[PDB]
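See below for protein27.cif, which holds mmCIF, C-alpha atoms.
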data_run
loop_
_atom_site.label_atom_id
_atom_site.label_comp_id
_atom_site.auth_asym_id
_atom_site.auth_seq_id
_atom_site.Cartn_x
_atom_site.Cartn_y
_atom_site.Cartn_z
CA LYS A 1 -76.26 2.11 36.80
CA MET A 2 -74.60 -0.28 39.36
CA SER A 3 -74.46 -0.14 43.22
CA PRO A 4 -71.26 1.42 44.72
CA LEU A 5 -68.80 -0.80 46.74
CA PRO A 6 -70.35 -1.49 50.18
CA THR A 7 -68.41 -0.27 53.30
CA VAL A 8 -67.21 -3.57 54.93
CA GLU A 9 -65.14 -4.13 58.14
CA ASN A 10 -62.97 -7.10 56.94
CA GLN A 11 -62.94 -9.91 59.62
CA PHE A 12 -59.79 -11.30 57.86
CA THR A 13 -57.54 -10.42 54.87
CA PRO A 14 -57.70 -13.11 52.13
CA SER A 15 -54.21 -14.17 50.90
CA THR A 16 -53.13 -15.17 47.33
CA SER A 17 -51.13 -18.46 47.68
CA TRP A 18 -50.23 -18.28 43.95
CA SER A 19 -51.37 -16.88 40.57
CA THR A 20 -50.50 -17.90 36.97
CA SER A 21 -51.35 -16.55 33.46
CA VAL A 22 -53.47 -18.76 31.11
CA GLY A 23 -53.10 -17.19 27.62
CA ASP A 24 -55.53 -14.25 27.01
CA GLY A 25 -58.60 -15.74 28.82
CA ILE A 26 -62.08 -15.02 27.29
CA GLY A 27 -61.59 -11.22 26.70
CA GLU A 28 -64.98 -9.48 26.13
CA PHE A 29 -66.82 -12.71 25.01
CA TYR A 30 -69.45 -14.47 27.18
CA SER A 31 -68.16 -17.91 28.31
CA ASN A 32 -68.81 -20.77 30.79
CA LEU A 33 -65.07 -21.86 30.61
CA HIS A 34 -63.81 -22.37 34.24
CA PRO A 35 -60.90 -24.12 36.02
CA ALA A 36 -60.98 -27.71 37.36
CA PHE A 37 -59.20 -29.66 40.15
CA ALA A 38 -58.39 -33.40 40.55
CA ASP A 39 -55.76 -35.35 42.62
CA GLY A 40 -53.42 -32.42 43.50
CA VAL A 41 -53.53 -30.75 40.00
CA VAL A 42 -55.40 -27.66 38.66
CA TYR A 43 -56.47 -27.67 34.94
CA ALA A 44 -57.33 -24.34 33.15
CA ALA A 45 -57.74 -22.97 29.59
CA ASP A 46 -58.42 -19.84 27.48
CA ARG A 47 -60.79 -19.31 24.49
CA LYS A 48 -57.94 -19.30 21.88
CA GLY A 49 -56.76 -22.84 22.87
CA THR A 50 -54.01 -22.71 25.59
CA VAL A 51 -54.59 -25.56 28.16
CA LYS A 52 -52.39 -25.95 31.30
CA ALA A 53 -51.93 -28.36 34.23
CA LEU A 54 -50.51 -26.75 37.44
CA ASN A 55 -49.40 -28.22 40.83
CA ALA A 56 -52.33 -27.26 43.17
CA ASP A 57 -49.86 -26.31 46.00
CA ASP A 58 -47.65 -23.73 44.13
CA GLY A 59 -49.14 -22.98 40.62
CA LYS A 60 -46.01 -24.42 38.88
CA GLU A 61 -46.54 -25.87 35.37
CA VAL A 62 -46.77 -29.71 34.90
CA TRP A 63 -47.67 -29.35 31.15
CA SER A 64 -48.91 -26.70 28.63
CA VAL A 65 -50.43 -27.37 25.14
CA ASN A 66 -51.93 -25.05 22.43
CA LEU A 67 -55.03 -26.54 20.69
CA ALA A 68 -54.93 -23.58 18.17
CA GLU A 69 -51.75 -25.25 16.66
CA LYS A 70 -52.81 -29.00 16.61
CA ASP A 71 -52.46 -28.73 12.77
CA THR A 72 -56.54 -20.36 14.09
CA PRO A 73 -58.28 -20.11 17.53
CA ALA A 74 -59.99 -23.30 18.89
CA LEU A 75 -62.84 -21.33 20.66
CA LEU A 76 -62.76 -23.49 23.85
CA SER A 77 -66.05 -22.86 25.73
CA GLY A 78 -67.62 -25.78 27.74
CA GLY A 79 -65.65 -27.15 30.74
CA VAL A 80 -63.03 -27.71 32.01
CA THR A 81 -64.17 -31.15 33.37
CA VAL A 82 -61.68 -33.78 34.74
CA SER A 83 -62.46 -37.52 35.34
CA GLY A 84 -60.68 -40.90 34.95
CA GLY A 85 -57.27 -39.58 33.68
CA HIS A 86 -58.97 -37.32 31.04
CA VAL A 87 -59.40 -33.49 30.74
CA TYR A 88 -62.66 -32.78 28.77
CA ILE A 89 -63.20 -29.40 26.97
CA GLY A 90 -65.98 -28.42 24.49
CA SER A 91 -65.62 -25.76 21.71
CA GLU A 92 -67.80 -23.35 19.64
CA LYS A 93 -66.53 -25.26 16.52
CA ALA A 94 -68.49 -28.36 17.83
CA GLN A 95 -65.30 -30.26 18.98
CA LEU A 96 -65.07 -32.24 22.26
CA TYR A 97 -61.37 -32.76 23.28
CA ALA A 98 -60.18 -35.52 25.69
CA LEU A 99 -56.60 -34.77 26.90
CA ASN A 100 -54.46 -37.13 29.04
CA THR A 101 -54.00 -35.72 32.62
CA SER A 102 -50.37 -37.17 32.56
CA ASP A 103 -48.97 -34.96 29.72
CA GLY A 104 -51.75 -33.00 27.86
CA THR A 105 -51.60 -35.27 24.74
CA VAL A 106 -54.93 -35.62 22.81
CA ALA A 107 -56.35 -39.10 23.62
CA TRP A 108 -59.27 -38.38 21.21
CA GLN A 109 -61.27 -35.51 19.66
CA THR A 110 -64.90 -35.89 18.43
CA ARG A 111 -67.04 -33.64 16.16
CA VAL A 112 -70.18 -33.49 18.42
CA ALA A 113 -73.65 -32.43 17.09
CA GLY A 114 -73.30 -28.66 17.79
CA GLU A 115 -71.48 -25.94 19.78
CA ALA A 116 -70.39 -27.39 23.17
CA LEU A 117 -71.02 -24.30 25.38
CA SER A 118 -71.82 -26.31 28.60
CA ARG A 119 -69.50 -28.43 30.81
CA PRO A 120 -69.10 -32.10 29.85
CA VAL A 121 -70.52 -34.49 32.54
CA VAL A 122 -68.94 -37.95 33.17
CA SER A 123 -70.82 -41.05 34.50
CA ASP A 124 -70.93 -44.88 33.95
CA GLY A 125 -68.00 -44.92 31.42
CA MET A 126 -69.51 -42.14 29.22
CA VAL A 127 -69.08 -38.36 28.73
CA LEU A 128 -72.34 -36.40 28.09
CA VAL A 129 -72.65 -33.07 26.18
CA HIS A 130 -75.81 -30.95 25.78
CA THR A 131 -75.07 -29.06 22.51
CA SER A 132 -76.57 -25.69 21.35
CA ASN A 133 -78.63 -27.43 18.56
CA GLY A 134 -80.77 -28.91 21.42
CA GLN A 135 -79.39 -32.50 21.37
CA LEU A 136 -77.87 -34.62 24.22
CA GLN A 137 -75.01 -36.98 23.12
CA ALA A 138 -73.27 -39.78 25.14
CA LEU A 139 -69.65 -40.60 24.05
CA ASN A 140 -67.41 -43.51 25.24
CA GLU A 141 -64.64 -42.24 27.61
CA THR A 142 -62.22 -44.70 25.86
CA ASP A 143 -62.46 -43.53 22.17
CA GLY A 144 -65.04 -40.66 22.00
CA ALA A 145 -67.42 -42.75 19.77
CA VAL A 146 -71.06 -41.42 19.82
CA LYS A 147 -73.13 -44.13 21.63
CA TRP A 148 -76.49 -42.26 21.31
CA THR A 149 -78.10 -38.87 20.43
CA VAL A 150 -81.45 -37.68 21.96
CA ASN A 151 -83.57 -34.63 20.88
CA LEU A 152 -84.34 -32.52 24.04
CA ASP A 153 -84.92 -28.74 23.49
CA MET A 154 -84.79 -26.09 20.68
CA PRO A 155 -81.70 -24.84 18.78
CA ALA A 156 -80.62 -21.87 20.96
CA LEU A 157 -81.57 -18.16 20.33
CA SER A 158 -79.19 -17.00 23.18
CA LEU A 159 -75.37 -17.41 23.58
CA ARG A 160 -75.61 -16.61 27.37
CA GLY A 161 -76.45 -19.12 30.16
CA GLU A 162 -75.42 -22.80 30.62
CA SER A 163 -77.40 -26.09 30.41
CA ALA A 164 -75.28 -29.14 31.42
CA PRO A 165 -76.76 -32.54 32.36
CA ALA A 166 -76.81 -33.92 35.97
CA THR A 167 -76.35 -37.70 36.61
CA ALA A 168 -77.67 -40.04 39.38
CA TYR A 169 -78.16 -43.89 39.50
CA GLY A 170 -77.88 -44.58 35.72
CA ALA A 171 -80.06 -41.56 34.65
CA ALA A 172 -79.14 -38.16 33.05
CA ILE A 173 -81.41 -35.20 34.05
CA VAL A 174 -81.40 -32.22 31.61
CA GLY A 175 -83.11 -28.81 31.55
CA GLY A 176 -82.89 -26.38 28.62
CA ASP A 177 -84.47 -23.47 26.73
CA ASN A 178 -88.15 -24.71 26.49
CA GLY A 179 -89.33 -24.95 30.15
CA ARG A 180 -88.99 -28.76 30.45
CA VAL A 181 -86.85 -31.12 32.62
CA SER A 182 -86.16 -34.58 31.06
CA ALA A 183 -84.78 -37.86 32.58
CA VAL A 184 -83.10 -40.44 30.23
CA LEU A 185 -81.42 -43.87 30.87
CA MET A 186 -77.60 -43.73 30.33
CA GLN A 187 -77.60 -47.24 28.68
CA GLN A 188 -79.32 -46.31 25.34
CA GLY A 189 -80.87 -42.79 25.92
CA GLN A 190 -84.45 -44.12 26.58
CA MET A 191 -86.83 -41.36 27.92
CA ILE A 192 -87.89 -42.16 31.58
CA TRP A 193 -89.99 -39.00 32.36
CA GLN A 194 -90.48 -35.40 31.11
CA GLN A 195 -92.01 -32.54 33.20
CA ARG A 196 -93.05 -28.95 32.26
CA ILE A 197 -91.77 -26.44 34.94
CA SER A 198 -92.82 -23.32 32.89
CA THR A 199 -95.72 -22.41 30.47
CA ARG A 200 -82.26 -13.10 23.81
CA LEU A 201 -79.84 -11.97 26.63
CA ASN A 202 -81.20 -14.88 28.79
CA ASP A 203 -78.40 -15.67 31.33
CA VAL A 204 -80.06 -18.57 33.29
CA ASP A 205 -78.03 -21.71 34.26
CA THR A 206 -80.72 -24.43 33.55
CA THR A 207 -78.31 -27.24 34.72
CA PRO A 208 -80.30 -29.34 37.26
CA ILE A 209 -78.75 -30.07 40.73
CA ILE A 210 -79.56 -33.50 42.36
CA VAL A 211 -79.36 -33.83 46.23
CA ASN A 212 -80.85 -36.77 48.28
CA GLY A 213 -83.33 -37.96 45.57
CA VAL A 214 -84.60 -34.40 44.72
CA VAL A 215 -83.97 -32.45 41.45
CA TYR A 216 -83.68 -28.61 41.81
CA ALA A 217 -84.02 -26.65 38.48
CA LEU A 218 -84.26 -22.97 37.26
CA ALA A 219 -86.50 -21.86 34.31
CA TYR A 220 -86.76 -18.73 32.05
CA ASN A 221 -89.86 -17.32 33.90
CA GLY A 222 -87.89 -16.73 37.18
CA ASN A 223 -89.10 -19.97 38.86
CA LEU A 224 -87.10 -22.40 41.03
CA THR A 225 -88.74 -25.90 41.08
CA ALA A 226 -88.15 -29.14 43.12
CA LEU A 227 -88.94 -32.52 41.41
CA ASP A 228 -88.97 -36.15 42.70
CA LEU A 229 -85.90 -37.82 41.00
CA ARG A 230 -87.61 -41.23 40.43
CA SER A 231 -90.94 -39.86 38.94
CA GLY A 232 -90.40 -36.16 37.91
CA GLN A 233 -93.44 -35.21 40.11
CA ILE A 234 -93.30 -31.48 41.18
CA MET A 235 -92.78 -31.28 45.02
CA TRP A 236 -92.81 -27.41 45.23
CA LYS A 237 -92.34 -24.24 43.10
CA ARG A 238 -91.03 -20.76 44.13
CA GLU A 239 -91.93 -17.59 42.08
CA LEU A 240 -88.79 -15.38 42.34
CA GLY A 241 -88.34 -12.24 40.14
CA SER A 242 -85.87 -13.95 37.72
CA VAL A 243 -83.00 -16.27 38.89
CA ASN A 244 -79.60 -16.55 37.07
CA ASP A 245 -77.54 -19.14 39.04
CA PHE A 246 -77.56 -21.28 42.24
CA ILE A 247 -75.93 -24.03 44.36
CA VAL A 248 -77.39 -26.62 46.83
CA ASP A 249 -75.42 -27.66 50.00
CA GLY A 250 -77.28 -30.11 52.31
CA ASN A 251 -80.63 -28.46 53.14
CA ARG A 252 -79.63 -24.91 51.91
CA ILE A 253 -80.01 -23.23 48.47
CA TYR A 254 -77.84 -20.13 47.64
CA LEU A 255 -78.96 -18.18 44.50
CA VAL A 256 -78.05 -15.01 42.53
CA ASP A 257 -80.99 -13.35 40.64
CA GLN A 258 -80.84 -11.36 37.33
CA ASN A 259 -80.33 -8.09 39.35
CA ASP A 260 -77.42 -9.64 41.45
CA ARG A 261 -79.49 -10.06 44.67
CA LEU A 262 -78.10 -12.93 46.84
CA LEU A 263 -80.71 -15.21 48.56
CA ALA A 264 -80.59 -18.21 50.96
CA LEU A 265 -83.60 -20.66 50.93
CA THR A 266 -84.50 -23.94 52.75
CA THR A 267 -84.76 -27.15 50.65
CA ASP A 268 -87.94 -27.67 52.82
CA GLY A 269 -90.41 -25.81 50.51
CA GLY A 270 -88.03 -23.09 49.13
CA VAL A 271 -88.75 -20.61 52.01
CA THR A 272 -86.37 -17.57 52.08
CA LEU A 273 -84.00 -17.31 55.13
CA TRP A 274 -82.28 -14.01 54.06
CA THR A 275 -81.58 -11.55 51.18
CA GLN A 276 -78.50 -9.32 50.48
CA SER A 277 -79.10 -6.59 47.80
CA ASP A 278 -76.05 -4.22 48.21
CA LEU A 279 -74.29 -5.69 45.06
CA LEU A 280 -77.24 -4.76 42.71
CA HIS A 281 -76.20 -4.70 38.97
CA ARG A 282 -72.45 -5.36 39.75
CA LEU A 283 -72.74 -8.56 37.50
CA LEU A 284 -71.81 -11.44 39.90
CA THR A 285 -70.28 -14.88 39.27
CA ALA A 286 -72.06 -18.04 40.49
CA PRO A 287 -71.59 -18.44 44.29
CA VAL A 288 -69.23 -21.07 45.84
CA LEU A 289 -69.25 -22.39 49.45
CA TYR A 290 -65.59 -22.22 50.68
CA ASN A 291 -64.61 -23.07 54.33
CA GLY A 292 -67.90 -21.73 55.83
CA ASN A 293 -68.13 -18.59 53.57
CA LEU A 294 -70.23 -17.90 50.43
CA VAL A 295 -67.97 -16.16 47.83
CA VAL A 296 -68.77 -14.32 44.50
CA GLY A 297 -66.65 -12.28 42.04
CA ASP A 298 -67.93 -9.18 40.14
CA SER A 299 -67.36 -7.49 36.71
CA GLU A 300 -65.16 -4.78 38.41
CA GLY A 301 -62.69 -7.45 39.72
CA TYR A 302 -63.76 -7.60 43.43
CA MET A 303 -64.44 -10.75 45.51
CA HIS A 304 -67.21 -10.54 48.20
CA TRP A 305 -67.18 -13.01 51.18
CA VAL A 306 -70.62 -13.61 52.81
CA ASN A 307 -71.71 -15.31 56.10
CA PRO A 308 -74.09 -18.08 54.87
CA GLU A 309 -76.15 -17.84 58.13
CA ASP A 310 -77.34 -14.18 57.65
CA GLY A 311 -76.03 -12.74 54.32
CA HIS A 312 -73.63 -10.27 56.08
CA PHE A 313 -70.29 -9.35 54.38
CA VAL A 314 -67.21 -10.68 56.27
CA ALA A 315 -64.55 -9.53 53.66
CA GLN A 316 -64.19 -7.50 50.40
CA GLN A 317 -61.01 -7.50 48.24
CA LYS A 318 -59.92 -6.13 44.81
CA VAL A 319 -58.17 -9.04 42.94
CA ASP A 320 -58.02 -8.45 39.08
CA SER A 321 -58.79 -5.25 37.05
CA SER A 322 -60.15 -7.32 34.05
CA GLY A 323 -63.10 -8.57 36.20
CA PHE A 324 -64.72 -11.98 36.95
CA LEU A 325 -67.50 -13.90 35.09
CA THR A 326 -66.94 -17.72 35.20
CA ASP A 327 -67.43 -20.09 38.19
CA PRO A 328 -65.05 -20.03 41.17
CA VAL A 329 -64.11 -23.62 42.33
CA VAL A 330 -62.68 -25.20 45.56
CA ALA A 331 -59.22 -26.90 45.02
CA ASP A 332 -57.12 -28.61 47.76
CA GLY A 333 -58.34 -26.31 50.61
CA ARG A 334 -57.97 -23.15 48.42
CA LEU A 335 -60.49 -21.06 46.38
CA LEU A 336 -59.65 -21.00 42.60
CA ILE A 337 -60.98 -18.16 40.38
CA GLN A 338 -60.08 -17.11 36.79
CA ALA A 339 -60.26 -13.44 35.58
CA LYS A 340 -61.65 -12.44 32.11
CA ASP A 341 -58.01 -11.87 30.91
CA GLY A 342 -57.20 -15.54 31.90
CA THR A 343 -55.20 -14.93 35.14
CA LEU A 344 -55.81 -17.80 37.69
CA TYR A 345 -55.74 -17.02 41.50
CA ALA A 346 -55.51 -19.59 44.38
CA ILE A 347 -56.75 -17.81 47.58
CA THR A 348 -57.04 -18.82 51.31
CA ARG A 349 -58.75 -17.44 54.51
#
Whole structure given in structure tokens:
Amino acid sequence: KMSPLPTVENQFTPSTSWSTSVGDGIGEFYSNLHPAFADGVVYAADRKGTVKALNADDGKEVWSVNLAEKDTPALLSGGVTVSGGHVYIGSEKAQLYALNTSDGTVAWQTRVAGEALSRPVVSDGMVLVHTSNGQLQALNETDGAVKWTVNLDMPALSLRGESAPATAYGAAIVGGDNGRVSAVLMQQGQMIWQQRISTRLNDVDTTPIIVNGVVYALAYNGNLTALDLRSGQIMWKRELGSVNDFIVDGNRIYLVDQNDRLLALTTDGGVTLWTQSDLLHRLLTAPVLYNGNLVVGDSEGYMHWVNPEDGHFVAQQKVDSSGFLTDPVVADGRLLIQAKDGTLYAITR
């Protein structure tokens, strides 16, 4: 019971610069596994354990490794995250891998507390993982040693959604599955503040987003909340039907709700600017802001290009029959997106 393709007059025709296979992708499994970009290179993976580095200009292979064969599928899940010469990927077997950007060799591999379903987050010489047993762990970037472990939320009853940390000025901010946002010091994991923002096939990204000393966070009840970074004080709350995913760019918020409605809000009190409801139940990706357009993929393999000022469609294109699920990312002036069968596209216009 999904909405038919809208009738769109395309203002331009998006162009594929390049596309490359990456094993067998995620198939029919839910995943948060998405591509990454750093210093002229794209990094991408599949669930079974293929990991590749590609030249961002032409898609040509720099290196390829198979983590299934390091000795059975690796079940790569959280990431990909790139920082400081390392490629970080979490797995459903509770492994965190750190690969060298130079050649794909394993610098280190750590058995973390639980399934690593959410992207690793790198700050202040440490890599943070929020694991599905409800713990937050900080590991040294140099050897993957566990520096500290903090108890945050409940061991998960859903395999859908994402809950990564967000870092600012020596603090990690974390949401999760129990309607709380927590702030902890990166040094030793000391609790700074904790705030209640709320009193399964749950598909909510509870990852906080920090912009200009404000924390923006989604909860299970369909609420979007703004908190003061230093204190955790609630600045405002917005009662939407039920939100799934969002981004913040300057003083604008772009969200997708559980029914695949697209909304734009102000950061000044969470007031709605516009709504676009013609993609209802088409199962959208998270939105990305790319060269003045808001872009989403859908389960049928289409990409939809939206004017961020008014929510009007500017382009619609069929790209991959296997469909889209995981986050699109901006890479070297191109839009990167990975299909469910693993195929990676680099698109302009």
Contact table stretch 102-184 of chain A vs stretch 19-37 of chain A, cut-off 7 Å, shortest pair per residue, all atoms listed in the file, as a Markdown table:
| residue | atom | partner | partner_atom | distance |
| --- | --- | --- | --- | --- |
| A:117 | CA | A:32 | CA | 6.8 |
| A:118 | CA | A:32 | CA | 6.7 |
| A:160 | CA | A:30 | CA | 6.5 |
| A:162 | CA | A:32 | CA | 6.9 |
Where does the PyMOL selection byres ((chain A and resi 128-140) around 7) land in this file, that is, which residues does it pick, as a compact mmCIF listing (two decimals) with C-alpha atoms, in the frame of the given file?
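Final output, saved to selection05.txt:
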# COMPACT_ATOMS: atom_id res chain seq x y z
CA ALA A 113 -73.65 -32.43 17.09
CA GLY A 114 -73.30 -28.66 17.79
CA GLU A 115 -71.48 -25.94 19.78
CA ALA A 116 -70.39 -27.39 23.17
CA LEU A 117 -71.02 -24.30 25.38
CA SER A 118 -71.82 -26.31 28.60
CA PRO A 120 -69.10 -32.10 29.85
CA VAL A 121 -70.52 -34.49 32.54
CA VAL A 122 -68.94 -37.95 33.17
CA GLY A 125 -68.00 -44.92 31.42
CA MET A 126 -69.51 -42.14 29.22
CA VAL A 127 -69.08 -38.36 28.73
CA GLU A 141 -64.64 -42.24 27.61
CA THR A 142 -62.22 -44.70 25.86
CA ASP A 143 -62.46 -43.53 22.17
CA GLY A 144 -65.04 -40.66 22.00
CA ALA A 145 -67.42 -42.75 19.77
CA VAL A 146 -71.06 -41.42 19.82
CA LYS A 147 -73.13 -44.13 21.63
CA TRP A 148 -76.49 -42.26 21.31
CA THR A 149 -78.10 -38.87 20.43
CA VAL A 150 -81.45 -37.68 21.96
CA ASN A 151 -83.57 -34.63 20.88
CA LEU A 152 -84.34 -32.52 24.04
CA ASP A 153 -84.92 -28.74 23.49
CA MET A 154 -84.79 -26.09 20.68
CA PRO A 155 -81.70 -24.84 18.78
CA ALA A 156 -80.62 -21.87 20.96
CA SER A 163 -77.40 -26.09 30.41
CA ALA A 164 -75.28 -29.14 31.42
CA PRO A 165 -76.76 -32.54 32.36
Carefully work through the PyMOL selection byres ((chain A and resi 85-97) around 8) for this structure and note down the residues it includes, as a compact mmCIF listing (two decimals) with C-alpha atoms, in the coordinates of the input.
# COMPACT_ATOMS: atom_id res chain seq x y z
CA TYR A 43 -56.47 -27.67 34.94
CA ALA A 74 -59.99 -23.30 18.89
CA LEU A 75 -62.84 -21.33 20.66
CA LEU A 76 -62.76 -23.49 23.85
CA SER A 77 -66.05 -22.86 25.73
CA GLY A 78 -67.62 -25.78 27.74
CA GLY A 79 -65.65 -27.15 30.74
CA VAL A 80 -63.03 -27.71 32.01
CA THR A 81 -64.17 -31.15 33.37
CA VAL A 82 -61.68 -33.78 34.74
CA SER A 83 -62.46 -37.52 35.34
CA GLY A 84 -60.68 -40.90 34.95
CA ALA A 98 -60.18 -35.52 25.69
CA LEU A 99 -56.60 -34.77 26.90
CA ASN A 100 -54.46 -37.13 29.04
CA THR A 101 -54.00 -35.72 32.62
CA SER A 102 -50.37 -37.17 32.56
CA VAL A 106 -54.93 -35.62 22.81
CA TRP A 108 -59.27 -38.38 21.21
CA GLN A 109 -61.27 -35.51 19.66
CA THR A 110 -64.90 -35.89 18.43
CA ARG A 111 -67.04 -33.64 16.16
CA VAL A 112 -70.18 -33.49 18.42
CA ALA A 113 -73.65 -32.43 17.09
CA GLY A 114 -73.30 -28.66 17.79
CA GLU A 115 -71.48 -25.94 19.78
CA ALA A 116 -70.39 -27.39 23.17
CA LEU A 117 -71.02 -24.30 25.38
CA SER A 118 -71.82 -26.31 28.60
CA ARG A 119 -69.50 -28.43 30.81
CA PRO A 120 -69.10 -32.10 29.85
To verify the selection step, state as a list in words which residues the PyMOL selection byres ((chain A and resi 288-301) around 7) yields on this input.
->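 With the shown file as input, the PyMOL selection byres ((chain A and resi 288-301) around 7) matches residues 282, 283, 284, 285, 286, 287, 302, 303, 304, 305, 306, 307, 308, 318, 319, 320, 321, 322, 323, 324, 325, 328, 329, 330 and 335 of chain A.
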One residue among A:174, A:45, A:53, A:243 is nearest to residue A:203 when using all atoms listed in the file, and that residue is A:243
